[PDB]
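First up is the structure itself, then whatever we jot down about it.
Below, chain A is the first sequence line, B the second, and so on; all start at residue 1. These numbers come from the heavy atoms of this one structure, side chains and all, not from hydrogens, waters or symmetry mates.
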2 protein chains.
Amino acid sequence: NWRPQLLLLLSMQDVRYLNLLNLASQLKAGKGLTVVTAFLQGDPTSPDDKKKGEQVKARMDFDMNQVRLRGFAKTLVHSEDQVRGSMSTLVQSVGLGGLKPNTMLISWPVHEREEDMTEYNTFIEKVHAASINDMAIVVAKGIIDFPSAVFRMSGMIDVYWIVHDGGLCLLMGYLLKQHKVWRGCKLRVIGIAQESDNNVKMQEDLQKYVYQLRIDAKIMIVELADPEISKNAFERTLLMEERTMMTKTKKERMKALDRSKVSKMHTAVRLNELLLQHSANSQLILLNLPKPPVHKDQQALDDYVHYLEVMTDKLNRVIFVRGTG
Amino acid sequence: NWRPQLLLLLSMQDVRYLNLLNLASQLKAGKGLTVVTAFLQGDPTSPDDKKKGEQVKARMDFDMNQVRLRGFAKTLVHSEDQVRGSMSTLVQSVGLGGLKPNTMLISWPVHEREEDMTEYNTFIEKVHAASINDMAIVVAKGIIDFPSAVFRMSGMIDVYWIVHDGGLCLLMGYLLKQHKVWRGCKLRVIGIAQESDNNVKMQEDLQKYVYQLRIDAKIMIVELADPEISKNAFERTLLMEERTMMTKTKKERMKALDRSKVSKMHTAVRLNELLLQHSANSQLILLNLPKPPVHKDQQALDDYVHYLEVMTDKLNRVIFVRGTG
């Protein structure tokens, strides 16, 4: 009976903003209390930037009211080279006064021009900040944009349950299904079977699970080692590896790290082929968000983001979800 | 009938910490709700630094309990190069959950070894952060240390009322006078008369003021242009200026800026002579905190701090106070 209490993080300078408000409102369906915080780059000691920030806050309060999202907004002014500590401090200090959000909601980072680099470069920090402060995190990904309360969807919502998460992905999909925007859809729960798993038992146990929770969902089990999917993904990967192509203890440590990199890339591509085969036309896909790298290198962030962009390439809407423990 | 609701800021690594708790407790006398935040330098994405931070928080909760200061504590982990944005963000975001501190309490910054430079270099930022977020600020200065509830003081508390502050300095002194530690003292309100002020009228009007507020305070008016004080300060300044000694529009702009620097230094020294003449043996001195520089240069901070250190040199305990407007 746990439900998300949301904390939205945004960077200010329009589409991703209103999309995020719409998703937040549909998750909450008028209940709860949501905190929306916008980060505005400027001088935190300047009165002119302060009232600029309170104009933004007023505009955000109006918007929340329009999408019928119950809560309040807050603007935070930071200087450019301090966005990192300002964000992580907000997460540690939110609800010093009483409320405590248990769920962070953010947008997938953009990284096409130089303006976006502050939001791209803090992505891993935000993911770590959530789990370290006992919050789930939700990451919305999509250039195909998100419906408002004016629309009625009725296609597929696919929950891929491929990690032990206590059913967190499933809860998010079930919660959307309760809102009128998504109520018409068909919920599907897709398990991915490894070579040693028992597909029939996975199907039966998932069916008994949703039956006992009285959830109207279809159950499907797909094979990660599918011959066709594996051949296709391998051939695709080799072509990708050629584009971006344009003593003993530390030796073998180097080989092992490269091995795992190549292996992780082949896996991402195989997952993408599987998602395209089964959910190319799905209106919503919910996935676990994998553990981010422990290291702060720029290559580590670039690799993490690329892994996930490759994995979810050419899909419509993806929501990544990650809990705490 | 306004009263301060405190927010203490500390940097962690012992004496200044407990001194600050004692002053906070004496201002509040068991009432209100106080937030104590400690800044711990580390990795905000590291679990090991997180539970380190919660040990500190537990130790602080115990200490507040001992000095009978009602409220709670919070530890914030930041990296070293992000202390600036982490502090200013805490001030903007404290009481997102309900409570709203209206008064920041900090310690005068230390700047003797390289460990202190993070706290010294954020001093002006903290002063601006308070006023921009509609908070008064209180700055405790003293190497001669502060009494705990075990002691009874009975010397002089001198409120220098030399700026239009709505009586904020006086309120702070009156509040201490209500606590048993300071109740035995004699409160003195000292006005400083410029050459064109009318000393007799200043005295009469201050006496009628405290009479109508039913405050037991003595009233004294001193002359800033005192011949002896002015001669002494001038001779002292010339000696100081020799130690640290070891087209037309921008020309005159340069001369004017140097003029005001030399003039500000002579004034600081004159004020210090006046405070030593009248309050050398006072147990507590309360002063307005002057507007900090608008510029972020390192020389601007160095000059601001030096001005105030020169002004309050060789005194026992000084509390600077600054409101909002």
Side-chain angles (χ1 to χ4, degrees), chain A residues 85, chain B residues 8-24 36-42 56 59-60 63 75-84 86-88 104-130 137-148 236-237 239-246 261 264-265 268-269 271-273 275-276 280 282-287 289-290 292-293 295-322:
Chain B
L8 275 67
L9 310 202
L10 304 146
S11 80
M12 288 294 174
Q13 92 295 333
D14 321 63
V15 48
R16 281 146 77 240
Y17 160 64
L18 300 167
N19 269 199
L20 221 60
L21 294 186
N22 281 313
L23 171 70
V36 183
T37 68
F39 289 82
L40 169 79
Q41 174 181 318
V56 176
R59 166 69 189 186
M60 284 192 294
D63 293 339
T75 305
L76 301 122
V77 179
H78 61 93
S79 72
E80 190 167 29
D81 63 275
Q82 300 280 311
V83 67
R84 205 174 308 265
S86 175
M87 276 175 175
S88 68
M104 192 189 295
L105 177 52
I106 56 161
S107 169
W108 191 261
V110 286
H111 51 94
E112 65 161 61
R113 72 206 183 274
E114 308 117 312
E115 313 323 279
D116 313 321
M117 287 304 101
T118 88
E119 192 201 31
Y120 177 84
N121 285 331
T122 58
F123 180 57
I124 292 301
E125 310 255 359
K126 291 199 263 276
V127 173
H128 280 130
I137 186 186
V138 177
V139 184
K141 185 178 185 280
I143 48 177
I144 316 89
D145 277 321
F146 205 92
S148 51
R236 209 184 122 185
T237 297
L239 279 177
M240 260 161 271
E241 283 199 13
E242 268 271 333
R243 175 157 63 260
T244 66
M245 212 193 66
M246 312 157 15
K261 280 210 210 79
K264 275 219 208 82
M265 186 57 62
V269 179
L271 287 179
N272 187 235
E273 291 273 316
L275 297 167
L276 282 165
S282 293
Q283 285 168 345
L284 196 45
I285 295 176
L286 289 112
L287 282 159
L289 181 73
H295 263 182
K296 311 286 190 50
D297 181 65
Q298 176 78 39
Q299 184 185 345
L301 155 76
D302 291 338
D303 285 338
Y304 181 75
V305 165
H306 191 233
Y307 174 88
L308 301 173
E309 288 182 347
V310 168
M311 170 173 83
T312 62
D313 198 13
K314 308 174 282 172
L315 304 167
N316 290 318
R317 309 177 186 81
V318 170
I319 298 179
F320 293 102
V321 185
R322 172 160 201 263

For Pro109(B), does its backbone N or O pair with a side-chain atom of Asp116(B) as donor and acceptor, under 3.5 Å? no
As a quick check of understanding, evaluate side-chain contact (heavy atoms from CB on, under 4.5 Å) for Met87(B) and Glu125(B), giving each step before the final call. CA-CA 9 Å; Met87(B) 276 175 175; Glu125(B) 310 255 359; over 6 Å; no
Answer yes or no: does atom CD of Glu242(B) have more than 12 heavy-atom neighbours from other residues, nucleotides or ligands under 6.0 Å? no
Find out whether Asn272(B) and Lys314(B) are in side-chain contact, i.e. whether some heavy atom of one side chain is under 4.5 Å from a heavy atom of the other. yes
Between atom NE2 of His128(B) and atom CZ of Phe123(B), what is the distance when rounded to the nearest 0.5 Å? 11.0 Å
Does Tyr120(B) reach the main-chain N or O of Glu112(B) with its side chain, forming a donor-acceptor pair under 3.5 Å? no
Might you work through the side-chain contact (heavy atoms from CB on, under 4.5 Å) test for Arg59(B) and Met12(B), ending with a clear yes or no? CA-CA 12 Å; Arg59(B) 166 69 189 186; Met12(B) 288 294 174; over 6 Å; no
Could you walk me through whether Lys141(B) and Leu308(B) pass the side-chain contact (heavy atoms from CB on, under 4.5 Å) check? CA-CA 10 Å; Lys141(B) 185 178 185 280; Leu308(B) 301 173; 6.0 Å; no
Can you tell me how far apart OG1 (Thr118(B)) and CD (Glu80(B)) are? Round to the nearest 0.5 Å. 6.5 Å
Supply the atom-to-atom distance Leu10(B) CG to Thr75(B) OG1, rounded to the nearest 0.5 angstrom. 10.0 Å
Taking every heavy atom of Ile124(B) against every heavy atom of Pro292(B), the minimum-distance pair comes out as CD1-CB, 3.5 Å
Give a yes or no on whether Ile144(B) atom CD1 has more than 12 heavy-atom contacts from other residues, nucleotides or ligands under 6.0 Å away. yes
Using side-chain heavy atoms (C-beta onward) and a distance below 4.5 Å, is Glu119(B) in contact with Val110(B)? yes
Any heavy-atom pair between the side chains of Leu21(B) and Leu8(B) that's under 4.5 Å? yes
If we ignore hydrogens and angles and just use 3.5 Å, is the side chain of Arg317(B) paired with the main-chain N or O of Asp145(B) as donor and acceptor? yes
When rounded to the nearest 0.5 Å, the distance separating CE of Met60(B) from CG of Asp63(B) is 9.0 Å
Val310(B) vs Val269(B) side-chain heavy atoms within contact, under 4.5 Å: yes
For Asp303(B) and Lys264(B), what are the C-alpha separation, side-chain angles and deciding distance, and is it a side-chain contact (heavy atoms from CB on, under 4.5 Å)? CA-CA 10 Å; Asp303(B) 285 338; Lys264(B) 275 219 208 82; over 6 Å; no
So, taking the atom named CG in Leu23(B) and the one named OG in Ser148(B), what distance separates them when rounded to the nearest 0.5 Å? 12.5 Å
Shortest non-hydrogen separation from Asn121(B) to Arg84(B) and the atoms involved: O-NH1, 3.3 Å
Least distance between heavy atoms, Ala130(B) atom then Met104(B) atom: CB-CE, 3.6 Å
Which atoms form the tightest heavy-atom contact between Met265(B) and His306(B), and what is the distance? CE-ND1, 3.5 Å
With rounding to the nearest 0.5 angstrom, report the OG to CZ distance, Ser11(B) to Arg16(B). 6.5 Å
Are the side chain of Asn19(B) and the backbone N or O of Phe146(B) linked by a donor-acceptor pair below 3.5 Å? yes
Are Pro290(B) and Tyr304(B) close enough that some pair of their side-chain heavy atoms sits under 4.5 Å apart? yes
Specify the closest pair of heavy atoms between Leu105(B) and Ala24(B), including all atoms of both residues, with the distance to one decimal. CD2-CB, 3.8 Å
Considering residues, nucleotides and ligands other than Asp14(B), do more than 12 of their heavy atoms fall under 6.0 Å from its CG? no
Minimum heavy-atom distance between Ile106(B) and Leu20(B), given as atom pair plus value: O-CD1, 3.9 Å
Test side-chain contact (heavy atoms from CB on, under 4.5 Å), reference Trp108(B), set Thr312(B), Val318(B), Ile319(B), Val305(B), output is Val305(B)
